[PDB]
2 protein chains.
Amino acid sequence: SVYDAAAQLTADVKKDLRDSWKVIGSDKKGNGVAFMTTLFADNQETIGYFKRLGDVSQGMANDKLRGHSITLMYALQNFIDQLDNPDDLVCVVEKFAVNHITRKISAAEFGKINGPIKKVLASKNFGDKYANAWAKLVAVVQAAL
Amino acid sequence: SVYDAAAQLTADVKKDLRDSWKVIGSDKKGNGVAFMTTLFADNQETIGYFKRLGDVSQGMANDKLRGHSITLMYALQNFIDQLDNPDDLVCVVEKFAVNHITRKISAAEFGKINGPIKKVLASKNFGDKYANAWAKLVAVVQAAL
Ligand code: HEM
Ligand code: HEM
C-alpha cells in the first residue's frame, strides 16, 4: 500500500519537492515553527495531541515547541533524501509511522497538515503546483497510518 | 544537567564533530547500519529493546532495521546542525530524550553507543581525538535521560 502511494511520486513531483525544499529546508526552525503554529491556528483541535508542549501560544519562544518543530523538519529532510529509492523511502516512512500509530493519529487527522504546508509554501511564493506535490508526499505517510 | 553538559562542547570539540560528520554523514544508510550492527554484536543485551525490528542479524536486508538506522542518522544530523546555538541544541536534545526515557533507556545504557561510534570512526581513519569529541556530544544526551 505504501509502495503504491510512493508510485504517485513522479519525476516532476519529485523535482518540485526538491526545489521547494531547497528553500523551505534552509530555515528549519523558522518554517518548522510556522507549520506548527499554522496547524494550531487553523485546526485548534489538534492541540489536544500536544499537551506535553505546554503553552503553545508562546510560539517560537516555547522551548519544547521549538524543539519539536525543528525535529519535525528532519523527518521531511529524511523523506526528501530518499526520493530516488522507493525501497528506502518506504522503510523510512513505515519507521516514521510507528509512533504516530501508537498515538492513535489517523490518516485523516494527519492530513490536516496539508493546509499549513500550503500556506507556508505560499508565503515563500511556491504556488498550487508545489502544494499538490507535497500533498502527494503526505499521502505516502497517510498510506502507512 | 543538560545545560551544564552542553557547555562542555568547546570550540575544538564542535570543529572535530563537524569535520568527522562531513565524512560519516556522507553515507547515512551504510554508517547508520554499521552503528547498529556493531552495537548488537558488542552488546547483545541491547537487542531486547529492539524486538520490533525482528531478525537484526540480517543487517541491511532487514527493512525495519534499515529504516531505523537511516532515521537514527538524521537525529545526529539535527544535533550537528544545532551546534551554533546552545539554546536550540538543548531543546532538541530534550525533545529527543522523551521517547528514550519512555522506553526506560538509562544514561548508562545509551552510553553503550560510544563503542560502536569509535569503531566506525576508526574504520574511516578518525582516531581517539574524534571518538572523544563524539563521546562529549553523547554525554549531552545522557544528561537528559
Ligand atoms: C508532515 C508532518 C509531520 C511530521 C514531519 C512529523 C514529525 C514528527 C517527528 C519527527 C516527531 C518526533 C519523533 C516521534 O516521536 O515520532 C513527531 C512527534 C509527534 N507528532 Fe508528528 N509529525 C507530523 C505531523 C503530525 C500531526 C499532524 C500530528 C497530530 C495531529 C502529530 C503528532 C505528533 C505528536 C503528538 C508527537 C509528540 C510530540 C511531543 O510530545 O514531543 N504529528 N512528529
Ligand atoms: C547515537 C545514539 C542514538 C540515536 C541518534 C538514536 C536515535 C533514535 C531515533 C531518531 C529514533 C526514532 C524516534 C523515536 O522513536 O524516538 C530512535 C528509536 C529507538 N531508539 Fe534510539 N537512538 C540512539 C541510541 C539508542 C540506544 C543506545 C538504544 C537502546 C539500547 C536506543 C533504543 C531505541 C529504540 C528501542 C527505538 C525504537 C526502535 C523501533 O521500534 O523502531 N536508541 N532512536
# chains A, B, ... in the order shown; residues from 1 in each chain; ligands from 1
$ closest_atom_pairs --of "chain A" --to "ligand 2" --cutoff "10 Å" --atoms "only C-alpha atoms and all ligand atoms" --output "JSON lines"
{"residue": "A:71", "atom": "CA", "partner": "ligand 2", "partner_atom_place_in_ligand_line": "10 (C)", "distance": 9.4}
{"residue": "A:74", "atom": "CA", "partner": "ligand 2", "partner_atom_place_in_ligand_line": "10 (C)", "distance": 9.5}
{"residue": "A:75", "atom": "CA", "partner": "ligand 2", "partner_atom_place_in_ligand_line": "10 (C)", "distance": 9.0}
{"residue": "A:92", "atom": "CA", "partner": "ligand 2", "partner_atom_place_in_ligand_line": "41 (O)", "distance": 10.0}
{"residue": "A:94", "atom": "CA", "partner": "ligand 2", "partner_atom_place_in_ligand_line": "41 (O)", "distance": 9.2}
{"residue": "A:95", "atom": "CA", "partner": "ligand 2", "partner_atom_place_in_ligand_line": "41 (O)", "distance": 5.9}
{"residue": "A:96", "atom": "CA", "partner": "ligand 2", "partner_atom_place_in_ligand_line": "12 (C)", "distance": 7.3}
{"residue": "A:97", "atom": "CA", "partner": "ligand 2", "partner_atom_place_in_ligand_line": "41 (O)", "distance": 9.6}
{"residue": "A:98", "atom": "CA", "partner": "ligand 2", "partner_atom_place_in_ligand_line": "41 (O)", "distance": 7.2}
{"residue": "A:99", "atom": "CA", "partner": "ligand 2", "partner_atom_place_in_ligand_line": "15 (O)", "distance": 6.3}
{"residue": "A:100", "atom": "CA", "partner": "ligand 2", "partner_atom_place_in_ligand_line": "15 (O)", "distance": 9.6}
$ write_last_selection --atoms "N, CA and C atoms" --output "short mmCIF file (atom, residue, chain, number, x, y, z; two decimals), in the first residue's frame"
data_model
loop_
_atom_site.label_atom_id
_atom_site.label_comp_id
_atom_site.auth_asym_id
_atom_site.auth_seq_id
_atom_site.Cartn_x
_atom_site.Cartn_y
_atom_site.Cartn_z
N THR A 71 12.82 19.39 15.02
CA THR A 71 12.92 17.95 14.84
C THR A 71 12.00 17.43 13.74
N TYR A 74 13.45 17.40 10.24
CA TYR A 74 14.45 16.40 9.87
C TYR A 74 13.82 15.11 9.38
N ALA A 75 12.53 14.95 9.62
CA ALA A 75 11.81 13.78 9.15
C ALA A 75 11.54 14.05 7.67
N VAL A 92 11.62 3.98 5.57
CA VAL A 92 11.73 5.14 6.44
C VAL A 92 10.34 5.70 6.79
N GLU A 94 7.54 3.87 6.98
CA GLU A 94 6.91 2.94 7.92
C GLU A 94 7.52 3.09 9.31
N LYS A 95 8.82 3.38 9.36
CA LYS A 95 9.52 3.58 10.63
C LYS A 95 8.92 4.81 11.31
N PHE A 96 8.70 5.85 10.52
CA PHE A 96 8.13 7.11 11.00
C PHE A 96 6.70 6.95 11.52
N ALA A 97 5.92 6.11 10.85
CA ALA A 97 4.53 5.88 11.22
C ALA A 97 4.32 5.20 12.57
N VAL A 98 5.26 4.34 12.97
CA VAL A 98 5.15 3.61 14.23
C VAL A 98 4.67 4.44 15.42
N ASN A 99 5.39 5.50 15.77
CA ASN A 99 4.99 6.32 16.91
C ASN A 99 3.68 7.06 16.70
N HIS A 100 3.40 7.46 15.46
CA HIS A 100 2.16 8.17 15.19
C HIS A 100 0.95 7.23 15.26
#
$ residues_around --residues "range 109-115 of chain A" --least-positions-apart "6" --cutoff "9 Å" --atoms "only C-alpha atoms" --output "VMD selection string"
chain A and resid 35 to 36 38 to 39 42 to 43 46 100 131 134 to 135 138 to 139 141 to 142 145
$ calpha_fit_and_write --fixed "chain A" --moving "chain B" --output "tab-separated table (two decimals) with C-alpha atoms, in the first residue's frame"
chain	number	residue	atom	x	y	z
B	1	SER	CA	-0.95	0.61	0.30
B	2	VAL	CA	2.24	2.54	1.01
B	3	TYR	CA	3.96	0.79	-1.91
B	4	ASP	CA	1.23	1.97	-4.28
B	5	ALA	CA	1.31	5.51	-2.89
B	6	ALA	CA	5.10	5.71	-3.19
B	7	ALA	CA	4.74	4.99	-6.91
B	8	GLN	CA	2.65	8.15	-7.23
B	9	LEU	CA	5.81	10.20	-6.75
B	10	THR	CA	6.47	10.82	-10.44
B	11	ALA	CA	9.55	12.51	-11.90
B	12	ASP	CA	8.14	16.05	-11.87
B	13	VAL	CA	6.62	15.62	-8.41
B	14	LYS	CA	10.02	14.65	-7.01
B	15	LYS	CA	11.56	17.59	-8.85
B	16	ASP	CA	9.05	20.08	-7.41
B	17	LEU	CA	9.58	18.64	-3.92
B	18	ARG	CA	13.34	19.17	-4.19
B	19	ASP	CA	13.13	22.70	-5.63
B	20	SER	CA	10.72	23.85	-2.92
B	21	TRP	CA	12.57	22.07	-0.12
B	22	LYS	CA	15.78	23.82	-1.18
B	23	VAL	CA	14.15	27.03	0.05
B	24	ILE	CA	11.88	25.72	2.82
B	25	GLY	CA	14.60	23.53	4.30
B	26	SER	CA	16.93	26.53	4.44
B	27	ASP	CA	15.30	27.71	7.66
B	28	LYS	CA	14.16	24.62	9.56
B	29	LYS	CA	13.54	26.47	12.82
B	30	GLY	CA	11.53	29.30	11.30
B	31	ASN	CA	9.49	27.24	8.85
B	32	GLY	CA	9.08	24.35	11.27
B	33	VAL	CA	7.56	26.61	13.91
B	34	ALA	CA	5.44	28.28	11.23
B	35	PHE	CA	4.03	24.88	10.22
B	36	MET	CA	3.03	24.09	13.81
B	37	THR	CA	1.60	27.47	14.80
B	38	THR	CA	-0.48	27.46	11.60
B	39	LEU	CA	-1.75	23.95	12.35
B	40	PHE	CA	-2.81	24.95	15.86
B	41	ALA	CA	-4.50	28.10	14.55
B	42	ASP	CA	-6.43	26.47	11.71
B	43	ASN	CA	-7.15	23.25	13.62
B	44	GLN	CA	-7.30	24.04	17.35
B	45	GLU	CA	-8.65	20.52	17.91
B	46	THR	CA	-5.20	19.01	17.27
B	47	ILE	CA	-3.72	20.86	20.25
B	48	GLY	CA	-4.94	18.02	22.47
B	49	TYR	CA	-2.31	15.68	21.02
B	50	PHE	CA	0.44	18.09	22.12
B	51	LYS	CA	-0.38	18.56	25.82
B	52	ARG	CA	3.26	17.83	26.71
B	53	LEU	CA	4.38	20.94	24.80
B	54	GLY	CA	2.54	23.28	27.16
B	55	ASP	CA	1.41	26.77	26.13
B	56	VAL	CA	1.68	26.40	22.36
B	57	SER	CA	0.62	30.02	21.78
B	58	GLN	CA	4.06	31.19	22.92
B	59	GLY	CA	5.48	29.92	19.64
B	60	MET	CA	9.25	30.33	19.25
B	61	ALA	CA	9.64	31.22	22.94
B	62	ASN	CA	8.31	27.80	23.97
B	63	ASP	CA	11.43	25.61	24.17
B	64	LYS	CA	9.51	22.34	23.83
B	65	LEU	CA	7.57	23.57	20.80
B	66	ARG	CA	10.77	24.85	19.22
B	67	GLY	CA	12.46	21.51	19.87
B	68	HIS	CA	9.59	19.59	18.29
B	69	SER	CA	9.35	21.96	15.32
B	70	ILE	CA	13.04	21.73	14.45
B	71	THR	CA	12.96	17.94	14.80
B	72	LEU	CA	9.88	17.67	12.58
B	73	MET	CA	11.86	19.28	9.74
B	74	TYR	CA	14.51	16.55	9.88
B	75	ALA	CA	11.87	13.92	9.17
B	76	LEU	CA	10.97	15.82	6.00
B	77	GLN	CA	14.68	16.12	5.20
B	78	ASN	CA	14.86	12.34	5.55
B	79	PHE	CA	11.94	11.78	3.16
B	80	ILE	CA	13.39	14.16	0.57
B	81	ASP	CA	16.77	12.42	0.74
B	82	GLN	CA	15.16	9.03	0.03
B	83	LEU	CA	13.27	10.08	-3.11
B	84	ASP	CA	15.85	8.35	-5.34
B	85	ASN	CA	15.17	4.91	-3.85
B	86	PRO	CA	11.52	3.81	-3.43
B	87	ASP	CA	12.61	0.91	-1.23
B	88	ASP	CA	14.35	3.22	1.22
B	89	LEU	CA	11.57	5.83	1.17
B	90	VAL	CA	9.04	3.17	2.10
B	91	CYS	CA	11.03	1.67	4.98
B	92	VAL	CA	11.69	5.17	6.32
B	93	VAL	CA	8.00	6.10	6.05
B	94	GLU	CA	6.85	2.95	7.86
B	95	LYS	CA	9.44	3.60	10.58
B	96	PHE	CA	8.14	7.16	10.95
B	97	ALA	CA	4.55	5.90	11.18
B	98	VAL	CA	5.14	3.62	14.19
B	99	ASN	CA	4.96	6.34	16.86
B	100	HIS	CA	2.12	8.20	15.14
B	101	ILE	CA	0.08	4.98	14.98
B	102	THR	CA	0.72	4.46	18.69
B	103	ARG	CA	-0.64	7.97	19.33
B	104	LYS	CA	-3.71	6.98	17.32
B	105	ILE	CA	-3.14	9.65	14.68
B	106	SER	CA	-5.35	8.67	11.74
B	107	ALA	CA	-4.64	9.31	8.06
B	108	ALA	CA	-7.38	11.94	8.09
B	109	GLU	CA	-5.86	13.61	11.15
B	110	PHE	CA	-2.36	13.65	9.65
B	111	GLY	CA	-3.75	15.19	6.47
B	112	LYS	CA	-4.58	18.37	8.38
B	113	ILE	CA	-0.92	19.33	7.94
B	114	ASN	CA	-1.61	19.93	4.24
B	115	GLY	CA	-3.27	23.27	4.92
B	116	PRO	CA	-0.34	24.71	6.94
B	117	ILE	CA	2.17	23.46	4.36
B	118	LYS	CA	0.29	25.10	1.50
B	119	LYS	CA	0.12	28.41	3.39
B	120	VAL	CA	3.80	28.51	4.34
B	121	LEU	CA	4.71	27.48	0.79
B	122	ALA	CA	2.55	30.32	-0.56
B	123	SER	CA	4.25	32.82	1.74
B	124	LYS	CA	7.50	31.82	0.02
B	125	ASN	CA	6.12	32.24	-3.51
B	126	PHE	CA	5.44	28.53	-4.14
B	127	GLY	CA	1.92	28.02	-5.49
B	128	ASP	CA	-0.60	25.21	-5.95
B	129	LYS	CA	1.78	23.21	-8.14
B	130	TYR	CA	4.08	22.76	-5.14
B	131	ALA	CA	1.32	22.39	-2.56
B	132	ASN	CA	-0.03	19.45	-4.55
B	133	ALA	CA	3.43	17.93	-4.82
B	134	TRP	CA	3.75	17.99	-1.03
B	135	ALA	CA	0.24	16.60	-0.62
B	136	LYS	CA	1.37	13.57	-2.62
B	137	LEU	CA	4.33	13.04	-0.28
B	138	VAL	CA	2.03	13.38	2.73
B	139	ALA	CA	-0.30	10.84	1.09
B	140	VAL	CA	2.52	8.28	1.25
B	141	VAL	CA	2.63	8.69	5.03
B	142	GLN	CA	-1.17	8.59	5.22
B	143	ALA	CA	-1.09	5.21	3.47
B	144	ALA	CA	1.06	3.87	6.32
B	145	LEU	CA	-1.21	5.05	9.13
$ select_by_dssp --residues "range 1-72 of chain A" --states "alpha helix (DSSP H)" --output "PyMOL selection string"
chain A and resi 2-6+11-24+28-42+63-72
$ write_last_selection --atoms "N, CA and C atoms" --output "compact mmCIF listing (two decimals), in the first residue's frame"
# COMPACT_ATOMS: atom_id res chain seq x y z
N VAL A 2 1.91 1.26 0.83
CA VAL A 2 2.80 2.41 0.90
C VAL A 2 3.55 2.53 -0.42
N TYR A 3 3.90 1.38 -1.00
CA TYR A 3 4.60 1.35 -2.27
C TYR A 3 3.74 1.95 -3.37
N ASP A 4 2.44 1.67 -3.34
CA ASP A 4 1.52 2.20 -4.34
C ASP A 4 1.40 3.71 -4.23
N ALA A 5 1.41 4.22 -3.00
CA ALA A 5 1.31 5.66 -2.79
C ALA A 5 2.60 6.30 -3.29
N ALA A 6 3.72 5.64 -3.02
CA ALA A 6 5.02 6.14 -3.45
C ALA A 6 5.11 6.21 -4.97
N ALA A 11 8.48 11.85 -11.63
CA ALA A 11 9.69 12.64 -11.84
C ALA A 11 9.45 14.12 -11.61
N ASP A 12 8.33 14.64 -12.12
CA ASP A 12 8.02 16.05 -11.96
C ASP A 12 7.67 16.39 -10.51
N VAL A 13 6.97 15.48 -9.85
CA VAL A 13 6.59 15.70 -8.46
C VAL A 13 7.84 15.75 -7.58
N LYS A 14 8.76 14.82 -7.80
CA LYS A 14 10.00 14.78 -7.02
C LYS A 14 10.84 16.02 -7.27
N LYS A 15 10.79 16.53 -8.50
CA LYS A 15 11.54 17.72 -8.85
C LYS A 15 10.99 18.94 -8.11
N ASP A 16 9.67 19.05 -8.03
CA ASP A 16 9.06 20.17 -7.33
C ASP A 16 9.30 20.09 -5.83
N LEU A 17 9.33 18.87 -5.30
CA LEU A 17 9.57 18.67 -3.88
C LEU A 17 10.98 19.12 -3.53
N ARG A 18 11.95 18.72 -4.34
CA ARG A 18 13.35 19.09 -4.10
C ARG A 18 13.60 20.58 -4.24
N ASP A 19 13.00 21.20 -5.25
CA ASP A 19 13.18 22.64 -5.47
C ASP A 19 12.59 23.46 -4.34
N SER A 20 11.39 23.10 -3.90
CA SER A 20 10.75 23.83 -2.81
C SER A 20 11.47 23.58 -1.49
N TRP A 21 11.93 22.35 -1.29
CA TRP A 21 12.64 22.01 -0.06
C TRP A 21 13.97 22.75 0.05
N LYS A 22 14.57 23.06 -1.10
CA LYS A 22 15.85 23.77 -1.11
C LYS A 22 15.69 25.10 -0.38
N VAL A 23 14.48 25.65 -0.43
CA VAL A 23 14.19 26.92 0.23
C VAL A 23 13.59 26.68 1.62
N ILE A 24 12.54 25.87 1.68
CA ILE A 24 11.88 25.58 2.95
C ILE A 24 12.83 24.97 3.98
N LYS A 28 14.97 25.56 8.97
CA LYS A 28 14.16 24.55 9.65
C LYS A 28 13.44 25.04 10.89
N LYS A 29 14.09 25.88 11.68
CA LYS A 29 13.47 26.41 12.89
C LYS A 29 12.32 27.36 12.54
N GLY A 30 12.59 28.29 11.63
CA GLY A 30 11.58 29.25 11.24
C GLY A 30 10.36 28.64 10.56
N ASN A 31 10.59 27.81 9.55
CA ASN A 31 9.48 27.19 8.84
C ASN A 31 8.84 26.06 9.63
N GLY A 32 9.63 25.38 10.45
CA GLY A 32 9.09 24.30 11.25
C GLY A 32 8.07 24.85 12.22
N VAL A 33 8.42 25.96 12.86
CA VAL A 33 7.52 26.60 13.81
C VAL A 33 6.31 27.15 13.05
N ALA A 34 6.55 27.66 11.84
CA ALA A 34 5.48 28.20 11.02
C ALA A 34 4.43 27.13 10.73
N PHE A 35 4.88 25.92 10.43
CA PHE A 35 3.99 24.80 10.15
C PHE A 35 3.10 24.53 11.36
N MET A 36 3.73 24.37 12.52
CA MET A 36 3.01 24.06 13.76
C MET A 36 2.04 25.13 14.23
N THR A 37 2.47 26.39 14.26
CA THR A 37 1.58 27.46 14.71
C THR A 37 0.41 27.65 13.75
N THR A 38 0.62 27.34 12.47
CA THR A 38 -0.45 27.47 11.49
C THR A 38 -1.43 26.33 11.69
N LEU A 39 -0.90 25.15 12.02
CA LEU A 39 -1.73 23.98 12.26
C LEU A 39 -2.65 24.27 13.45
N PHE A 40 -2.06 24.76 14.54
CA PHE A 40 -2.83 25.05 15.74
C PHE A 40 -3.87 26.15 15.54
N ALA A 41 -3.57 27.10 14.66
CA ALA A 41 -4.50 28.20 14.41
C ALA A 41 -5.67 27.78 13.53
N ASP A 42 -5.40 26.97 12.51
CA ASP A 42 -6.45 26.53 11.60
C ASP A 42 -7.23 25.32 12.10
N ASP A 63 10.38 26.67 24.31
CA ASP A 63 11.47 25.74 24.04
C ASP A 63 11.02 24.35 23.59
N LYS A 64 9.99 23.79 24.23
CA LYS A 64 9.50 22.47 23.86
C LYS A 64 8.91 22.46 22.45
N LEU A 65 8.14 23.50 22.14
CA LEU A 65 7.53 23.60 20.82
C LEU A 65 8.62 23.82 19.77
N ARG A 66 9.60 24.66 20.10
CA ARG A 66 10.69 24.93 19.16
C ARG A 66 11.46 23.64 18.90
N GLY A 67 11.70 22.88 19.97
CA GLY A 67 12.42 21.62 19.83
C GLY A 67 11.68 20.63 18.95
N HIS A 68 10.37 20.54 19.13
CA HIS A 68 9.55 19.64 18.32
C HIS A 68 9.54 20.08 16.86
N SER A 69 9.36 21.38 16.65
CA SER A 69 9.30 21.95 15.31
C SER A 69 10.56 21.73 14.50
N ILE A 70 11.72 21.94 15.11
CA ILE A 70 12.99 21.73 14.42
C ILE A 70 13.14 20.26 14.06
N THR A 71 12.82 19.39 15.02
CA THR A 71 12.92 17.95 14.84
C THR A 71 12.00 17.43 13.74
N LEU A 72 10.81 18.02 13.65
CA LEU A 72 9.84 17.63 12.63
C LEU A 72 10.44 17.78 11.23
